[PDB]
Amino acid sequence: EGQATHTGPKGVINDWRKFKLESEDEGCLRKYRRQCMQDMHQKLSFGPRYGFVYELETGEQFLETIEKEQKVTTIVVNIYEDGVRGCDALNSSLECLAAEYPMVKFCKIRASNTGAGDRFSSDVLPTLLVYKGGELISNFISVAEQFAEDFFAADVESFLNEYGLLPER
């Protein structure tokens, strides 16, 4: 990247330039405006590699999935423990979400299997961690609290979307 070319003045300058390379190379203005936005979804829309919530059984596995993943893929990891309220509902929601956002990798793991026992008490469970490009993008302790007792996939989605964590349109 180095020199900027998409935002701020630099952005206007380069947008104006790329504009000319197209009209001769008001009506041409509007077409360009649509083409820029269009030109972006396509690059941000990647292949639907998944569709299911995968279970991680050990800490090594957790570390391996975020590490070896393509830097463009968003990874939603769910840390839970059976019996603990909210977990089941959240897991149900994730199964439906994973199926709607195939380009987003969804995972789940028992707090016990993490390799960090006490660190994850039922008090902070379920905890929802979200990675992307190898770095942690969000960390939601007691996620279940962000919704009403009875919550479904569409609620978890609205929620993730308002933190800008889900792709496509």
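Numbering starts at 1 and runs along the sequence shown.
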**Request:** Count, per the entry, the deposited residues between residue 25 and residue 26 that are not modelled, and return the matching class: none, 1 to 3, 4 to 9, or 10 or more.
**Result:** 10 or more
**Request:** Select between 65-73 and 136-144 the stretch whose C-alpha atoms have the higher average B-factor in the entry.
**Result:** 65-73
**Item:** Average Cα temperature factor in the PDB entry - higher stretch of 113-121, 48-56
**Value:** 113-121
**Request:** Determine which member of 101, 131, 32, 106 has the highest CA B-factor, using the values in the deposited entry.
**Result:** 32
**Criterion, highest CA B-factor; candidates, 21, 160, 153, 13** = 21
